[PDB]
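As C-alpha cells, the structure follows; a few thoughts come after it.
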Amino acid sequence: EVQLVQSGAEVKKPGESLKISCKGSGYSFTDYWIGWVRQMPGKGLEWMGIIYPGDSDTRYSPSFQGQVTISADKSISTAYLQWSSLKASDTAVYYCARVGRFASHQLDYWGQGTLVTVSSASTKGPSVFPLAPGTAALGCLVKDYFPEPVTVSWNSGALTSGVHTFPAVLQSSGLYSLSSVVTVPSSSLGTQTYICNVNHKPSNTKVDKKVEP
Amino acid sequence: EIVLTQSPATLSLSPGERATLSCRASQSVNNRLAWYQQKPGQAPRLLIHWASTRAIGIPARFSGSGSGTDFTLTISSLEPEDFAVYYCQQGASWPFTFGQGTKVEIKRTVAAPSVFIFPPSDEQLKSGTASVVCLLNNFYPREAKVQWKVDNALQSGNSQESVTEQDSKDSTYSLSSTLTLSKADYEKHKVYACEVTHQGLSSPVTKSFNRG
Amino acid sequence: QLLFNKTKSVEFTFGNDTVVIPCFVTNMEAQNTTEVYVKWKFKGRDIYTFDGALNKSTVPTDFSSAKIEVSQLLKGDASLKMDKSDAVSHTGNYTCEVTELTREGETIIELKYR
Ligand SMILES: *[C@@H]1O[C@H](CO)[C@@H](O[C@@H]2O[C@H](CO)[C@@H](O)[C@H](O)[C@H]2NC(C)=O)[C@H](O)[C@H]1NC(C)=O
Ligand SMILES: *[C@@H]1O[C@H](CO)[C@@H](O[C@@H]2O[C@H](CO)[C@@H](O)[C@H](O)[C@H]2NC(C)=O)[C@H](O)[C@H]1NC(C)=O
Ligand SMILES: *[C@@H]1O[C@H](CO)[C@@H](O)[C@H](O)[C@H]1NC(C)=O
Ligand SMILES: *[C@@H]1O[C@H](CO)[C@@H](O)[C@H](O)[C@H]1NC(C)=O
Ligand SMILES: *[C@@H]1O[C@H](CO)[C@@H](O)[C@H](O)[C@H]1NC(C)=O
C-alpha cells in the first residue's frame, strides 16, 4: 500500500538550517510528483512546490521561490524540504503528498506531517499553579513552558467528565501558557481530592498539583 | 496564479441537514478542481477530483458539481464524522493553489456560559507575577465577549484567551481568558472582575473578587 | 463527447524499426497544449503520460522509448511512438485516453505481430 512517512518534529532557533524528509513506499516513487504543503497554525493550506523524483524536476510557488529548497533522492525514495536560514514565521506543519496522475493534479496520499517550531526560546519546564474554586469549577495554570506540547490529566485519568484543557497561548516571552479546568459538584469540594497531573516530555517534567479551596 | 475563494467562512448546520459549499476561481480551471476535508490534528483527505469524480472509499453523500469558475461541494446527509474544514484545490495551472477553507460546525440550541473567575495563587505571587483567569464553560454559539475590569476600569492589551474546539457530546464551546499582571501592579488594586457578554445572556454577567 | 477515427489494430514485423500506435481525436477544441492530458494504457498500466499543465512526459522503465509528438496534439494527433525493442514484449490492446479541456474520452488499438 502507498505510504508517505515524514521525519519527526523539529525544534530550531532562528538562523539555523533544517532538512526534513519524506520517504515513499508501496509504489514506484520515481514515477509520481511529490508536493510539499505548508499549514501555519490556524491557517489554510499552502502549496509550496512539487518535485518529480525521476529527474529532480522542481517547480516552486512564487511565494516560496528562493525561500526554500526542494530535492529528492532516488536511491532511498525520499523527498526533502530544506531551509538555509530559518525564520520564526516558518513555524508550521509541513505535509508531503503524492500528486495523482490525473488532470486535476490532486493529492491522493498524504504524510503524517512534520511539526516545525522556530523561536529564540529554549526548552523549559512549566510551573503549575492551582485554580482554587450547585456546580463548582477548579483547575490549574500551566505557565511558562517550551516547547509544545504538554499533557494534563486529573486524578491520574480517573476524572474526565467536565474536563477542559484549553489550547496554549504564546506569550510575549516566547513561552507557552495553558489552562486546564474541570467542573465538579460543589458538595464534593470538602471530601473529594482533585490532583492536576502535568507532564512535559520535552523537559522531562512531571508535576502533580493538589487543588483545594 | 489562480485565486480560489470559498464561501462561506463557516457553516453552522444540524446533523442530518445538507451542506452547500462554494468555490470560485479567478479564471476557468476546466473541471480540474479537487476537494479535501481536514479534521483537527489530521492530514487533509481527498474527497473529489475532476470537479465531480468521487475518490475511492468516499461516501455517496459527498457530491461535486460546477465547471469553469463556479464550483460546489454538496453533502446530502451530515454525519457527526463530517463536521470539519473543507478545502478546494485547482490543478489546471501552476502554481496549484488551495482555497481559504470552509469550516462546518454543528448547530444547536443557544446555551449561556457558566462564568467563573480565579484569583492568582499565593504560589505564583511569590515568583513575582499575577495571573487572573476568567472561565467561560459550555456555551453556544462560539461568539463571546469577555472584558476585564480592574477597580471599575476597563483593561486592554494585557489579556490573552483561547477557545476549545466544539465538544463531542453537547457540541458547546469553552473560553479561558487570562489577565496577566506584575506582582507590584496587582497589589495596587482591589477589585478584579470579568464581564461576560453572550447571546444566551439577557444581561452581562460579572464575576469578581476582592484582593484579600 | 470526444470522437476518434478509430483503428481496429496495427501490425508490425521484424522490418519495423519503430512502431506507431494511432490515436486521432476528430473534435478537439483546445487551443493550447496546457489544456490537454494524454495517458496511454497497456494491460491496466500507465505506460505513457503527457502532463500538459506541467509540460512533461512520464514513462515507466519498460517503456523508456515511448513518446508522442506534442506539436501534433492540437491537431488531434496523440499517436504513440516507440522502438521495436519495447513493442516486442508488449503486444496486445493499448488504450489511448485523452483529456481535453472539459471533455474526456478514449479509444482502444491492438498491437499485433506478423
Ligand atoms: C513544452 O516543453 C518543450 C521543451 O521541453 C517545448 O518544446 C520546444 O522547446 C524548444 C526548446 O526551447 C523550443 O525551441 C520550441 O519552440 C518548443 N516548441 C516546440 C513545438 O518544439 C514547448 O515549447 C513547451 N511548451 C510549453 C511550455 O507549453
Ligand atoms: C483486444 O480486444 C479485442 C476486442 O475487445 C479482442 O478481440 C477478440 O479477440 C479474440 C481472440 O481470439 C476473438 O476470438 C474475439 O472474436 C475478439 N472479439 C471481438 C469483439 O473482436 C482481442 O482479443 C484483444 N486482444 C488481446 C491480445 O486479448
Ligand atoms: C481522421 O481519419 C480520417 C481517415 O479517413 C481522416 O480523413 C481525417 O482527416 C482524420 N481526422 C483528423 C485527424 O483530423
Ligand atoms: C511497419 O512498417 C510498415 C511499412 O510500411 C508500416 O506500414 C506499418 O504501419 C508499420 N507498423 C507499425 C506498427 O507502425
Ligand atoms: C499556452 O499558454 C502558455 C502559458 O500558459 C503560453 O506561454 C503559450 O504561448 C500558449 N500557447 C499558445 C499556442 O498560445
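Computed from heavy atoms alone, side chains included, the values below leave out hydrogens, waters and symmetry copies. Numbers restart at 1 for each chain; the letters A, B, ... are given by sequence-line order, proteins then strands.
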Check whether [X] gets within reach of chain B through its side chain, its backbone, both or neither, counting any heavy atom under 4.5 Å.
| X | result |
| --- | --- |
| A:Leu115 | neither |
| A:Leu178 | neither |
| A:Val93 | neither |

Is any side-chain heavy atom of A:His105 closer than 4.5 Å to one of B:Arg32? no
key: Side chain proximity check, B:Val133 to A:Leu131, heavy atoms < 4.5 angstrom   = yes
Sorted by chain and number, sequence neighbours left out, side-chain contact (heavy atoms from CB on, under 4.5 Å) with A:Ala136 holds for A:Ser186, A:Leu189
Between A:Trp47 and B:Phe96 the two heavy atoms that sit nearest each other are CB-O, 3.3 Å
- Message: For the residue pair B:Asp167 / A:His164, report whether a side-chain donor-acceptor contact shorter than 3.5 Å exists.
- Response: no
Rounding to 0.5 Å, atoms CG (A:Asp144) and OG (B:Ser127) come to a distance of 8.5 Å
If one checks every heavy atom of B:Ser114 against chain A at 4.5 Å, the contacting part turns out to be neither
Applying a strict 4.5 Å limit to non-hydrogen atoms, the region of B:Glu1 in contact with chain A is neither
Steps toward side-chain contact (heavy atoms from CB on, under 4.5 Å) verdict (B:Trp94, A:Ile50)
CA-CA 10 Å; B:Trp94 183 257; A:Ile50 53 179; 3.6 Å; yes
Scored by heavy-atom pairs under 4.5 Å with chain B, the best of A:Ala168, A:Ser104, A:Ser177 is A:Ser104
### Query
Which class fits the ring pair B:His49 and A:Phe102: parallel under 30°, tilted 30 to 60°, perpendicular over 60°?
tilted
Has the side chain of B:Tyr36 got a donor or acceptor atom that lies under 3.5 Å from a matching backbone atom of A:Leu107? yes
Could you walk me through whether A:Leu45 and B:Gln38 pass side-chain contact (heavy atoms from CB on, under 4.5 Å), step by step?
CA-CA 10 Å; A:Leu45 302 172; B:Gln38 185 177 34; 4.2 Å; yes
A:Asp31 meets the salt bridge (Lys or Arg N to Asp or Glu O under 4.0 Å) criterion, sequence neighbours left out, with none
